[PDB]
């Protein structure tokens, strides 16, 4: 919506994690589902945040039903769930639709 990359496969998932390692930029991922109520509520903010940090942080979106393999390996159980990846590995997360916390997480990792 603002510069968010939609992940459609495990292959794209692996390519995008490598991009984050190659460009040395953190990645913030939103694990969402079409049936998820609070996910729809927070989705606009994530999109806005992707514009505001365009160039500093990479933003990915994963529809768990559409890409089960990724959702499963990522160990998600509640939605929405946000992960931060650095150098190919998970470095932080946030579970739930708290707007203030999502902002704090992005700001924290964007500011190096």
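Numbering follows the first chain given and starts at 1.
- Here the stretch with the larger average CA B-factor, out of 97-105 and 8-16, is 97-105.
- Stretches compared: 83-91, 34-42. Higher mean C-alpha B-factor in the entry: 34-42.
- Among the modelled residues of its chain, residue 55 has a C-alpha B-factor that falls in the highest third according to the deposited record.
- Among the modelled residues of the chain, residue 49 sits in the highest third by CA temperature factor in this PDB entry.
- For residue 66, the recorded CA temperature factor ranks within the highest third of the chain's modelled residues.
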